[PDB]
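Before any questions on how it binds or moves, here is one chain, the form deposited in one PDB entry, in structure tokens.
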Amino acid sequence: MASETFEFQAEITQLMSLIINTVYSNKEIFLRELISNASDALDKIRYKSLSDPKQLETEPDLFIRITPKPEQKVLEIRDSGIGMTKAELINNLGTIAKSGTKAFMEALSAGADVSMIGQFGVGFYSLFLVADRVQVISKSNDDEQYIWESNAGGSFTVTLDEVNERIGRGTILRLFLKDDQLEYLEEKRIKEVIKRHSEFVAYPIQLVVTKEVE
């Protein structure tokens, strides 16, 4: 598959740098940000399905699912929400600087809690606290499955998905964790963070665990 390359909006890049380099502690917050988005996307499919029940048939179950993958140092966060089409992947995750991107960078500088990122509607980028490379794998009812990829550089890429498993509907966040952030592949740590900061979530939050049989 041919891949297409795009430059990040100049302030989105700034922000990613202020994230990767400016904030230190409380990096566990990336999880609630990515669970929050998962819920906000599941909300939209559940709303749309009220007047278009057929929207749900491509994936009748509404859930949030986290999968630790120790071997490839990867943490994945899936939902069966509304999904994103190629154009939205492009617009919502790079080319267009969502209103508030610069505002949070300013807030942050004046002395703001990095945990307030979500209230500026930029929570997505908080993932770079624990990861240096990310794959966003989406499937909308109205397009094929695609892969959006950023390595924290200045650009990103979108490629028709012919390599990943078929998600019926929704999105997968394949975070490639930093060597010093691998505690998030642990069942207990994840399970902790989730209970402390994600109590009021309307959807099933499944944790996928792999254990050798003795």
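Residues that one form lacks are left out of the comparison. Each residue number is its position in the shown sequence, starting from 1. Rigid core: the largest C-alpha set superposing within 1.5 Å between the two forms.
Only in words, not in the display: the form deposited in another entry, which the text now covers.
- After superposition on the rigid core, displacement of the C-alpha of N91 between this form and the one not shown stays below 2 Å.
- With the core held fixed between this form and the one not shown, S109 has its Cα displaced by at least 2 Å.
- Listed in sequence order, the runs of 3 or more residues present in both forms whose C-alphas shift by at least 2 angstroms between this form and the one not shown, with the core superposed, are 95-100, 109-111.
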